[PDB]
Amino acid sequence: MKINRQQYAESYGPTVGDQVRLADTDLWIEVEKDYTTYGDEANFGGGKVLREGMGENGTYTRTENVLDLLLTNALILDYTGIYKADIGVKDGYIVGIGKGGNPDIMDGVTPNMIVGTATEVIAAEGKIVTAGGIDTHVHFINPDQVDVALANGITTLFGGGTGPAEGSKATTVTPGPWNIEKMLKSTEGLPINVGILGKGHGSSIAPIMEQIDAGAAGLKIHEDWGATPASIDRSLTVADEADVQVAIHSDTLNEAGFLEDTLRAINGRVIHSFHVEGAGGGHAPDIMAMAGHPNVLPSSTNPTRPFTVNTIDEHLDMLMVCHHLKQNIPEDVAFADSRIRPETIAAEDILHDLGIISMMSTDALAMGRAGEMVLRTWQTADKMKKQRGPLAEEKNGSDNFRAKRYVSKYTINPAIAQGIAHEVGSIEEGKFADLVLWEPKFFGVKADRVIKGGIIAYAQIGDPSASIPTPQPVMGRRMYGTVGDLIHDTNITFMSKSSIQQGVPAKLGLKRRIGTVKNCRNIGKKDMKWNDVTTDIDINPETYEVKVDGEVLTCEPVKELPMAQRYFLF
Amino acid sequence: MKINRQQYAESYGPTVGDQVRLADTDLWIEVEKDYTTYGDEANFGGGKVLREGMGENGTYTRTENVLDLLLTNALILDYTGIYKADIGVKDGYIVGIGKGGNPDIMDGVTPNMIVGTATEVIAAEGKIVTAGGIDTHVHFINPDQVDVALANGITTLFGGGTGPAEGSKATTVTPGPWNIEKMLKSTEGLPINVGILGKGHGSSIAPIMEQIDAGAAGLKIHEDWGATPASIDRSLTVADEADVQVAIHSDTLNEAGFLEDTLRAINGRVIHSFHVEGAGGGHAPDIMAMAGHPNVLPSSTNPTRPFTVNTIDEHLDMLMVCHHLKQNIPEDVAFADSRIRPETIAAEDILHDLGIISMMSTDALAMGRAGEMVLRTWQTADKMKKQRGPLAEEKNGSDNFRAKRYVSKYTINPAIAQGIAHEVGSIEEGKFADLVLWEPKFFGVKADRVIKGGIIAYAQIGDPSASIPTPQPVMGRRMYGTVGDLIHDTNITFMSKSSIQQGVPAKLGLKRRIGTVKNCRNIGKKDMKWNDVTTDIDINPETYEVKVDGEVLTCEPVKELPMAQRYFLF
Amino acid sequence: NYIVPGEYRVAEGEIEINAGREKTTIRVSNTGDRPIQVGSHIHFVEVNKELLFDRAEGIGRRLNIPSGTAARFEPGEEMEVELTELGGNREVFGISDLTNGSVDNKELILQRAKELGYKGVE
Amino acid sequence: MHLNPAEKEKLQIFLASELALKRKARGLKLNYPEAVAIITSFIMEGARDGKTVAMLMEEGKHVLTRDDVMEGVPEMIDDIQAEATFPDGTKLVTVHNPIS
Amino acid sequence: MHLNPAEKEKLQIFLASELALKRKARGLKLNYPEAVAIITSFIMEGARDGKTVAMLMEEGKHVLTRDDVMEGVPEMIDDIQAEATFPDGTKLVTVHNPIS
Amino acid sequence: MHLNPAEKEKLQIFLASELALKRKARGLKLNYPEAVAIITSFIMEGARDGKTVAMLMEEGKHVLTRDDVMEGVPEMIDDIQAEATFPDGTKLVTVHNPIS
Ligand SMILES: O=S(=O)(O)c1cc(O)ccc1O
Ligand SMILES: O=S(=O)(O)c1cc(O)ccc1O
Ligand SMILES: O=S(=O)(O)c1cc(O)ccc1O
Ligand SMILES: O=S(=O)(O)c1cc(O)ccc1O
Ligand code: NI
Ligand code: NI
Ligand code: NI
Ligand code: NI
Ligand SMILES: [O-]
Ligand SMILES: [O-]
């Protein structure tokens, strides 16, 4: 029997060489390899393969190489490849990527991917499956922000705040032992993975370190608290001792120093540079030059992504109103003009495309959109393909190279930056089963099903009173993984080694899975997957023109984007 | 440098002598004093004062006089004064009212109000800050009632009920040990402070007392359970032994006695007289005479507040329909006419203004509105200013005296009445940090931010998907203080001494902060702040005309109120 | 009589900031090619190394401007500012690590300033 | 807008009333929830217009008649109650036997 | 439809704006939340029409004038902010002093 | 009114359909959620009118045509499903390929 490829892809999802459009973009991904044995594909339903004595084994107990969940026929899109496989989950972790089923009768079954009595099935045929997004620039301002993030496929929020207090509205900071404790307790009710940043400000070590011992996962240095040479230095001394990451939003005003002074304070130590382009903050006008250094892990926030015709008007005004800046005060106008620059925003699109900015993030509710990190990553990739062409490294006419470069920016790279990639950030064996299923027509726009710790937490699903789940209204809804005590097992609170050793979880009565932050201090730019470029970035102090290897980086804004008015009701 | 006053007040909030209109009323409050040092005002943001080495101290650990939270530049409106100060919070309590910042470089810093690495900031410049409202007449009928209360700045609910059972629909009663236990457990999920009233009915002590030992915070005597001489007497005997408050809704029907019989049963002991005017219940027609006695702590409920052109029509009909009263049965009509009286409702406006009724409350969902205690207190004050003029005690043309008299009615006085003013009811050092921030344009109408135990619990805030928190729709929303385990630390369950000594919290697994009810039995009318007037109130049995010091108390109803159609969508 | 909800009716008069403290006027030049904006409460001697002024005159002082405002220096701009005295204990810690103690230690402050290339140590 | 919980809920009543009015305009006899929504929204819009509680108690009995609704609906509705913000604050309106 | 949380919320604004527009059509001076709803919905419909952020910043100042609203409402509204999906994605519109 | 959970949710669909119909009336090509809302609301109003499931399966294919919607929207919508209360109780309607 042979099956033509169109019918094969309709029934089982695409196989080797087939391509799939990402939403309504111009970007095509190609299946690189397939772990199946043609004819022994797994599938579930009436008269289907995963039935007892057939594709389901009826002999083995759960302990005996049997899965808790099998995602059948997934098109994985990951830094590690774009390929077709079954994904096996057990104890909340990804345990096998390969071919699931019953070795009694099927060829090619991965030995620990047996479908048995204990196994649940999710059909992923015709879906794209990615790792959950890792957003490392979250202001905790409004709890309604969590569902917003889940609906766009984000599964881990790193940042700070105590709700809509002014410190939290400006900065990703939960300050001090008591606010940290209080927010770790609040986290017990948030259906997403979380890590909390303390205030990376002080001139003595003890006030800063005590936040790490209290359960912070990292620190945030922000100009609004004084991004001075001393605060920078002390924070990095603490981080180096504690093995956690430090994020920085530098001194825009250049008050205590220019960029070179901030770099001298850093003194070669590892740091995550937030909104490196600078519209979101940092040394005016040249902060983006940070992204050329080997010790800098550079991220963008999302409202500048990508450069569009409404971007500058929107930002100038947002900046002016948030800072109580007056249109008739020339210092306020000069400040806005020094900070919102079409020249650095345009270059930022290209720096992403070149693998010079390694990460995306949101800046949720401070100057960024909680549910648009994934969305805007792909809009950027699409704009770049249109303006720059397929990258040289591509072949078969696919956009695989660019797709891996871009998916890395919101999955594995933030996870590496933050010291949490042993748990999350990619679809690999041994990592936590945080998985997002996408219909390709909705890819990067609205997630189908979001799996947290191996149980669905969020889904686009219909009328709960209906005979079946698909009738209208189909909307994003919290699923059983969020309910009761299951919220504890499906989510991870990331904490410093020292707070864990000191028994903070037991002291606070935390029931969530506790994740350890580690291996954050001896990484650099070279460790950012597909985005590892170091170079001399020059930003002209007079014209703001950006150069890399003596070539000016200029780009046009676009009037329309994909993943926009076709999809959204507002 | 000098700054003119208009610009100073725009930047830092108002200072000494400046006045502020309360919403759209005619009421003006004047800043009496200011704790600042001009030039060293605290503020937070880009290039602002609360930065490391500047207005933020970078030396001190949290234990060392450093705050967990500083509310900068608050205009406090409280029984203790109307004044400008910074408010410092630590461990969930108000620890300092004065001037916050960094003693390294600033003059006048209150010694325990250091801004340090551990400190969060809330900007209160241009806001009015009050204590959270204390509503002592709550029927627990519908859990949706809690957000309603929080949105109008109420932070403590005292009352009873088990949901929409008829006993609870009529009376603020959780009857018996088992219903009390069940409702203490329900309370674990309610994001507001709570105290539960048992049934103040019985002819033997034991059935009543066992409710106190079970965890009730007080008792409610209600005519629907038999407000007889025996039930009154036994309840007060229990209260005197247990140190909890007794509330009364007396025998409207005069069945076992007239008012003088109820007073004889009381026998000089302390009691809280609910809806003392009597439309909400009590000896027809003269119950309001209770408010002249030294042992009576008198409260009004809110639908009679203030007297308006629709009040009588609305009440007559509400009474008739709730009691299944028939328009063609003359006994039903005579009963309604004896109970709903324009003469006592009008006098009630004036008794408030004179400091003869000490407290407001809601009667939520029984015959009162959960989200209108604060609202109606100010509408009453405004009507009285319009009809009676500034009170004699005023000066500078401000309404400070009246504002302190009125704010006391829903903050400190109910707290004193109930035995909980050691914890709540005012902005004073050593009390729980239950604080409500108001924009003056919305003062008493819609709270900006409600702080519970030092963490924001509720806020008027916008689109959670936006780049910033202010875009539409701006609506009331639960914040992080309500989420997960943080709900336990931000709220207080008030309980009897005996239930606490007997280990009820551990027996039920209560995680909330446990507050002790105490010092309720040796207070009287003289202990009601700004509302301490005792007098002979005469109510004419034939005409219902009310006299105090031989003068008839008459007042007109009004056709329009402030804090009404300008603000509400429905 | 038109009602603006929540409006102020401010008293007469003006508010004098930093009253009773010594004031000093000095000239300051931004010798760099990027703008520098300086807040009201930063110890003035510790500002950006490329601002040229008599660094001694910034010791123990900050800008005499309303709390939370800032002075801006465009690239190449020279202008005069007015300073007022620090209060409280008159100690500074952190910021640029020039002081870390009493502001009375002028020689130590200037020595560190000079060694690190803060312009205008004279 | 600063919507409070009741404002958000009550938007639902307006919406149901709009839905019901469209059903009536295309010739349907109205059902129980339709009829309740129409009369309720009429009361709250009336308060917004500045009418008195007594005027709305009268008018609410003439919004829908029996020929506008399905068999039995008049006898299912003993009264309709609504609170809204009048010029003089929130008041309760009760309309007894709105559809005779 | 695959509604996300913001889409569901923002339906509320449209609804409040419809309600407010009916109130204005029968001759009422509009209140604070009414006015905010009308201007907000106008911005989001404008984005849907494909207008620019700069066009909506201009137009939003001419949707309602002082004679359309109650005393004090113009001075209560310092600005109105809304995000919507333009042809080039979500953008923020801020309209300062919309009602003079 | 005694609204149950489904009644409350489904009010949202009507509202989205009203919004979408206004967008279409001012000349916009409709998007994915707009189109789904219009067709869904048409089905539920149809059931309310007393039409049969078979009539709505036919009619639902003629509510919107390709020139009413944006490029790609017809191919994004494989079917639309809705449950509503017919004269003979709740039934499911599925409209396959509603927009050709
Ligand atoms: O603090 S606010 O919530 O009012 C805010 C307003 C604004 O215009 C920009 C940012 C903000 O955080
Ligand atoms: O390739 S191009 O140099 O023409 C280019 C155009 C553009 O609009 C943005 C980036 C670019 O690299
Ligand atoms: O018990 S009810 O919920 O039906 C009720 C109806 C009523 O007309 C007045 C009060 C009430 O508690
Ligand atoms: O002061 S008056 O005696 O004229 C008065 C009028 C009024 O309408 C209500 C209360 C009053 O005390
Ligand atoms: Ni930032
Ligand atoms: Ni940020
Ligand atoms: Ni009562
Ligand atoms: Ni009551
Ligand atoms: O940021
Ligand atoms: O009552």
Side-chain angles (χ1 to χ4, degrees), chain A residues 139 141-142 161 163-171 224 317-325 363-368, chain B residues 44-46 121-123 125-127 137-139 159-160 169-173 220-225 227 247-252 272-282 287 299-301 303 306-307 322 339 345-354 361-364 366-368 380 383-391 439 448-449 459-463 466-471 474 546 548 551-558, chain E residues 78-81 92 94 96:
Chain A
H139 292 254
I141 284 166
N142 178 352
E166 276 64 28
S168 298
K169 291 191 292 184
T171 77
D224 291 13
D317 202 65
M318 183 183 309
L319 185 62
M320 296 289 296
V321 74
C322 289
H323 289 239
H324 297 57
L325 299 187
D363 215 339
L365 291 165
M367 182 158 184
Chain B
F44 169 83
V121 180
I122 286 171
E125 44 270 35
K127 304 279 189 298
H137 195 144
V138 180
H139 292 254
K169 291 191 292 184
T171 77
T172 58
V173 167
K220 171 69 174 292
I221 299 161
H222 196 288
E223 73 179 316
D224 291 13
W225 300 114
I248 187 166
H249 164 147
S250 63
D251 184 355
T252 306
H272 179 348
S273 182
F274 275 178
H275 36 68
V276 71
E277 176 283 323
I287 175 66
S299 59
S300 287
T301 58
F307 178 37
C322 289
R339 172 157 163 187
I345 295 163
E348 180 190 27
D349 280 350
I350 299 162
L351 295 181
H352 272 291
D353 210 48
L354 292 173
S361 61
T362 61
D363 215 339
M367 182 158 184
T380 301
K383 180 182 178 284
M384 295 292 95
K385 177 176 180 187
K386 291 175 176 154
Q387 293 179 327
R388 305 183 71 246
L391 291 166
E439 296 185 75
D448 157 40
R449 279 166 294 168
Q460 283 284 351
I461 193 161
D463 176 2
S467 54
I468 48 168
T470 47
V474 177
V546 181
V548 166
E551 84 221 326
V552 174
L553 287 197
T554 193
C555 203
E556 293 305 309
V558 283
Chain E
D78 297 328
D79 55 48
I80 287 173
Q81 307 172 18
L92 171 70
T94 296
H96 192 62

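Below, read A as the first sequence line, B as the second, and so on, with proteins coming before strands; counting in each chain starts at 1. Remember, it's 1-based here, ligands and their atoms both numbered in the order they're listed.
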Please give me the minimum heavy-atom distance between [X] and [Y], naming the atom from each residue.
{"X": "A:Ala165", "Y": "B:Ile122", "result": "CB-CG1, 3.6 Å"}
{"X": "B:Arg339", "Y": "B:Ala279", "result": "NE-O, 2.8 Å"}
{"X": "B:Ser361", "Y": "B:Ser299", "result": "OG-OG, 4.2 Å"}
{"X": "E:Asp79", "Y": "E:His96", "result": "CB-CA, 3.8 Å"}
{"X": "B:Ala459", "Y": "A:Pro164", "result": "CB-CG, 4.0 Å"}

In the protein, what heavy atom is nearest to [atom], and what distance, to one decimal place, separates them?
{"atom": "atom 1 (O) of ligand 1", "value": "A:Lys169 NZ, 2.9 Å"}
{"atom": "atom 4 (O) of ligand 1", "value": "B:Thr470 CG2, 3.4 Å"}
{"atom": "atom 7 (C) of ligand 4", "value": "B:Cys555 SG, 2.8 Å"}
{"atom": "atom 12 (O) of ligand 1", "value": "B:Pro469 CD, 3.5 Å"}

From the options B:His249, B:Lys220, B:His222, select the one residue that forms a side chain to side chain donor-acceptor pair (under 3.5 Å) with B:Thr172.
B:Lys220
Hey, can you tell me if B:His137 and B:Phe274 have their rings parallel, tilted or perpendicular (30° and 60° cut-offs)?
parallel
I want to confirm something. Looking only at heavy atoms, which of A:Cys322, A:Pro164, A:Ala165 is nearest to atom 9 (C) of ligand 1?
A:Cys322
Nearest neighbour of atom 2 (S) of ligand 4 from the list B:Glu551, B:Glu556, B:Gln387, B:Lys386, on a heavy-atom basis:
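Among B:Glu551, B:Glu556, B:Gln387, B:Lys386, the closest heavy atom to atom 2 (S) of ligand 4 comes from B:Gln387.
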min-distance N/O/S atom, B:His249 vs the Ni ion (ligand 7), resolves to ND1
N/O/S atom of B:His137 under 2.8 Å from the Ni ion (ligand 7), yes or no?
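So B:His137 does not count as coordinating the Ni ion (ligand 7).
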I'd like to know if the Ni ion (ligand 7) has an N/O/S atom from B:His275 within less than 2.8 Å of it, counting both backbone and side-chain atoms.
yes
Applying a strict 4.0 Å limit to heavy atoms, is B:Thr554 in contact with ligand 4?
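Judged by the 4.0 Å heavy-atom criterion, B:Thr554 does count as contacting ligand 4.
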With heavy atoms of B:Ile350 as the reference, note each atom of ligand 4 found under 4.0 Å away.
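In order of numbering, the contacting atoms are 10 (C).
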Do A:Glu166 and B:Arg449 sit within salt-bridge range, that is, some charged N less than 4.0 Å from a carboxylate O?
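Salt bridge: yes.
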